[PDB]
Amino acid sequence: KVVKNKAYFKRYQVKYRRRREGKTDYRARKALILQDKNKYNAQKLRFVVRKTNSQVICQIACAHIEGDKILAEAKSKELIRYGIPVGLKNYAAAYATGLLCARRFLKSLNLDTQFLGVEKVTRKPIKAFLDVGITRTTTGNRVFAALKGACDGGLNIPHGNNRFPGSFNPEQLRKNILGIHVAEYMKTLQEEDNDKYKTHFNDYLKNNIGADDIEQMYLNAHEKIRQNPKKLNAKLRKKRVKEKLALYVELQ
Amino acid sequence: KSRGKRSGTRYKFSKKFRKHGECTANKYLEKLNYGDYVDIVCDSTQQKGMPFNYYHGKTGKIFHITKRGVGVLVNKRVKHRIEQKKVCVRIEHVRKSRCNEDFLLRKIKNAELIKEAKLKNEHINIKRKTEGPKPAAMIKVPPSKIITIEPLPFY
Amino acid sequence: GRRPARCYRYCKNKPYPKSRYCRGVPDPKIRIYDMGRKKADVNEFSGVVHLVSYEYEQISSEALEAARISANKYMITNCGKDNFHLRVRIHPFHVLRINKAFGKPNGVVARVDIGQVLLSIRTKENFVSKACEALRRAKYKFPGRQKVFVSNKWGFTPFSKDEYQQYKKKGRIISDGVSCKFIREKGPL
Amino acid sequence: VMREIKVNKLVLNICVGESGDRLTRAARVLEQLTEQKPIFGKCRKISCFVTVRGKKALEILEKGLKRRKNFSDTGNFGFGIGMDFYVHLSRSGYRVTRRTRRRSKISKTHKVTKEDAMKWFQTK
RNA sequence: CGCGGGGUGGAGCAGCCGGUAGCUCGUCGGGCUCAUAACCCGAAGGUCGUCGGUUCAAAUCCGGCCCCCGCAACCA
RNA sequence: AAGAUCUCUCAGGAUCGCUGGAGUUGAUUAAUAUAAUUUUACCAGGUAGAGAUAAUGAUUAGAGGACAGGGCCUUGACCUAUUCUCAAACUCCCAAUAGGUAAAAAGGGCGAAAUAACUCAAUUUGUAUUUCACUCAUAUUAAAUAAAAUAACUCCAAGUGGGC
RNA sequence: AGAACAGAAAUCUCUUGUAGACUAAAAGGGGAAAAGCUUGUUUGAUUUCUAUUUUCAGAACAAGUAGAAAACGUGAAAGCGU
RNA sequence: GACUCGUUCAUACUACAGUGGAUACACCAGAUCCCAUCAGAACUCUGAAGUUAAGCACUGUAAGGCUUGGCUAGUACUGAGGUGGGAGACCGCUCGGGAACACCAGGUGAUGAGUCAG
């Protein structure tokens with residue numbers, strides 16, 4: 001038999017709309033949602049990180065029956081307000097975006113005065129849990145960078161440590177969140193071929209950013225963030241259908 | 001003859017059509033209290049905590065809640081006596097009951113009515129009274145626009 | 001020989017056709033079915049006559065075969081082989097069982113209730129009475145009492161003779177070969 | 001216009017069928033010929049194969065090059081001498097099928113077809 | 001008609017203890033001898049009752065039909 | 001009562017059921033408890049039915065199309081839309097009947113204050129409990145109807161277990 | 001629908017594929033970002049205890065379910081594992 | 001105008017077309033480092049040169065499906081009653097309850113929370 005048939009269409013059961021779009025796992029999502037039933041009136045916070053091919057999006061979401069209520073929100077293109085104009089997909093940007101969302105959340109609570117988080121890298125803060133982010137997990141992924149930034153920001157997101165370098169290494173993480181690895185690759189690329197360097201990092205040059213400057217700019221930005229958070233109708237179709245059938249016969 | 005746990009459930013524990021696979025998370029999020037009435041209605045996907053045949057579609061009070069379990073006191077007829085039996089069921093199988101929700105709505109409307117009646121100083125009768133009393137009534141159809149009917153003949 | 005069939009005048013017990021469970025069935029006597037001008041279209045004859053159940057007759061495979069063969073011969077002798085179509089409308093499927101614990105398989109019946117056509121003949125208007133007589137002869141080889149009917153359908157399609165002419169006249173009915181589609185104003189041409 | 005014709009994959013494949021010395025030698029030869037480390041069959045290992053990409057695939061085709069119904073409907077093709085391989089063409093934007101965030105199907109009037117492949121074969 | 005054992009070369013047994021089916025006689029080709037056997041050398045030949053099933057693999061294990069032999073019909 | 005469970009058990013026994021006595025509790029306030037009953041809400045269903053153009057197993061015909069058989073032609077299979085009759089151990093859909101929860105005072109409303117070693121970032125952030133409040137029909141009863149306490153409950157025991 | 005040996009079946013590729021596969025074994029249920037298949041890390045197939053559910057006397061045994069007290073195993077965490 | 005988290009889980013599906021790209025999404029470019037393989041295809045990381053050609057959104061189609069409604073049909077079926085009928089098989093009547101397929105007509109979604117450029 002041919003593949004596509006009326007019985008097959010009638011029988012076929014659709015998958016959920018967001019899963020069709022590609023966004024939601026559901027199996028992870030329900031576990032992320034569901035509180036212990038006897039522990040009623042407490043709703044598990046999701047720290048949402050979705051990595052778009054242009055900038056990363058960090059949200060605090062709280063699940064409710066008519067859908068998730070969004071408490072805090074940060075996008076990388078807010079970092080522009082904090083003087084960061086390029087590198088929006090970057091590990092360093094993700095850390096900052098995470099730090100910014102946490103700071104905005106803390107400001108909203110007013111809990112910022114109680115918990116500032118730790119200024120600069122090597123009673124209790126609110127607990128929240130990292131979203132699925134639909135990514136195959138890796139050391140140094142941007143979701144982990146955002147979680148680290150959010151934690152350093154102030155959140156108590158519980159986590160393992162081997163999705164950062166040194167499976168722990170603090171220096172490699174520090175270089176990653178600074179953007180030192182980008183800087184070294186820029187210098188290396190300039191050494192290799194300067195046309196190839198310019199053709200690659202076009203935006204950074206327009207902005208007037210050298211490799212040296214990136215770590216300093218990120219440090220200034222972190223301090224700044226901390227300081228300052230058609231359709232037709234049936235009658236019409238009948239008329240049109242009649243005319244096209246007649247017309248095609250009359251023409252041909 | 002044999003009498004194992006799922007004995008005689010081929011039709012009963014079948015899926016309904018177009019309802020196959022795991023069901024929405026937002027079913028599980030539903031909030032339950034001690035002393036709620038709750039229906040026991042079972043999706044067939046999740047196999048742990050599945051109650052016995054008799055308790056399907058039954059209703060009873062929640063007396064205990066656990067991590068993903070709910071204790072429900074359900075009545076069972078055992079020959080010459082009904083007794084209350086402690087059916088442990090899952091978040092998956094609990095449905096919030098609706099008889100209580102009619103009582104709640106009824107109470108709410110009655111309370112507003114009671115407030116109004118007290119404010120106006122005139123008695124009311126709450127009672128969900130009889131069906132059967134009909135007042136006198138009029139037909140205004142034109143006298144030759146009425147439908148004339150007769151029996152139906154054969155093939 | 002076999003059981004005397006008088007007992008199976010009554011309809012009783014659950015339906016027992018062949019199954020994955022059963023195995024070992026004896027074959028039908030009637031595997032022949034229909035006769036006449038086999039591939040003839042509905043437009044190529046005009047009437048239909050019908051032999052109709054009226055006892056709650058089980059109908060043996062042999063009875064169905066015997067009635068049909070007799071009918072067919074009477075039709076061929078009288079009205080000629082190519083001038084009708086003789087249709088065996090009923091299909092036996094129900095397997096009896098017997099002993100000399102569960103019975104061992106015995107012959108096939110159909111367990112047919114009242115008001116169902118068993119046999120039918122399609123022909124020209126000229127030979128419908130002849131066809132009715134062939135069915136009357138056939139009835140003498142069917143258990144109990146039956147009834148006979150001749151329809152004002154065009155035949156082998158549900159439409160009336162008058163309906164057939166009207167639809168045909170305005171081209172609304174197309175034959176797919178006996179079977180006919182009534183055009184419902186859809187799809188490509 | 002925006003559209004393109006482009007190689008996706010070339011595959012070297014040999015089901016040797018003796019499952020030892022010739023197969024082991026063959027896989028090493030295939031690795032020597034094109035750098036990529038081989039991948040291997042099962043048994044009822046009976047076969048050795050590897051994927052070849054882009055510029056490198058074109059080089060293998062170029063040595064290969066020197067029936068017109070050899071092409072598939074999707075414009076893919078192969079041949080042997082002796083030693084043998086097969087080529088699959090797919091234009092850019094094929095990624096949508098694989099792309100984990102938003103996996104989906106390419107348009108039918110954007111799929112490669114026979115005609116574009118045949119023109120490409122004449123072109124080269 | 002109720003129980004249990006058995007169907008592999010032309011014939012009769014092995015394998016039949018799951019993959020690779022053996023032996024003898026018989027058949028066939030060549031020798032030896034007035035002549036013919038006996039005798040010697042060498043080969044060919046199995047579709048594994050039949051219909052369906054398991055298993056990575058069935059002639060074998062798993063059923064239902066078809067034949068073949070063995071039991072059984074007693075107190076009434 | 002001739003149902004039931006276990007039994008070297010099947011002509012038996014034990015223990016359950018149904019029965020009686022005796023007591024106590026409840027009752028006397030036309031009621032509340034209560035009920036082989038309905039009502040109005042509210043569910044849970046897949047048997048009867050119905051289906052083969054929804055799946056499985058069947059199953060009779062032709063028609064329209066691009067691998068095989070017969071002797072360039074024809075027959076098939078095969079694809080595609082149809083067509084006849086179908087199933088205890090098949091199911092798209094699907095009854096009646098039977099079943100369950102519901103209809104407020106030892107309680108429920110909305111408030112305050114207390115208690116924790118539970119609970120969250122968070123000693124009111126909830127949870128639950130407790131003390132104080134304010135107040136819900138019943139002066140015909142938050143749907144009926146009821147020789148509704150002749151109801152409960154405890155004790156002690158019988159007969160019975162071949163039924164039709 | 002294509003590709004040496006290579007054919008009806010061998011492997012490889014592209015397209016199409018609501019499960020028509022598979023789920024140790026029966027038959028029936030359930031199962032597609034799995035409950036199938038591949039891979040990684042492992043031994044919770046752990047110790048102690050209830051409330052129970054099934055059979056039903058609502059005894060036993062046996063099988064379960066929902067928890068609790070431990071010690072851990074796994075995962076990025078939520079979690080999940082008796 | 002655009003996007004994120006969602007919700008209901010086909011009015012949301014499927015199939016073939018057409019229409020749209022300020023900001024955005026995506027397609028696209030690269031592989032030093034984290035990473036991942038047979039393969040930078042995917043995944044990971046880093047880019048921003050181009051583009052609506054696709055993805056995606058919107059719409060169309062005698063579309064198919066799904067979905068409501070009518071009509072099938074008070075037909076089929078069925079509870080209770082009857083010293084009702086029928087040789088039986090079965091069939092009426094009294095009190096009641098009451099379908100399904102086909103067919104025909106309509107429809108082809110709505111929505112919570114947050115964000116960016118109006």
# chains A, B, ... in the order shown; residues from 1 in each chain; ligands from 1
call {"tool": "residues_around", "arguments": {"residues": "residue 124 in chain D", "least_positions_apart": "4", "cutoff": "10 Å", "atoms": "only C-alpha atoms (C1' of nucleotides)", "output": "list in words"}}
result
residues 62, 65, 119 and 120 of chain D
call {"tool": "residues_around", "arguments": {"residues": "range 39-42 of chain D", "least_positions_apart": "4", "cutoff": "9 Å", "atoms": "only C-alpha atoms (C1' of nucleotides)", "output": "JSON, numbers by chain"}}
result
{"D": [15, 27, 46, 47, 48, 49, 50, 51], "G": [11], "H": [38]}
call {"tool": "residues_around", "arguments": {"residues": "residue 49 in chain A", "least_positions_apart": "4", "cutoff": "9 Å", "atoms": "only C-alpha atoms (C1' of nucleotides)", "output": "NGL selection string"}}
result
:A and (56-59 or 98 or 130-133 or 142-143 or 146-147)
call {"tool": "select_by_dssp", "arguments": {"residues": "range 1-189 of chain A", "states": "strand (DSSP E or B)", "output": "list in words"}}
result
residues 45, 46, 47, 48, 49, 50, 51, 52, 53, 55, 56, 57, 58, 59, 60, 61, 62, 69, 70, 71, 72, 73, 74, 75, 127, 129, 130 and 156 of chain A
call {"tool": "residues_around", "arguments": {"residues": "residue 64 in chain B", "least_positions_apart": "4", "cutoff": "12 Å", "atoms": "only C-alpha atoms (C1' of nucleotides)", "output": "number ranges by chain"}}
result
A: 37-38; B: 32-38, 60, 68-73, 86-90; G: 51, 66-67
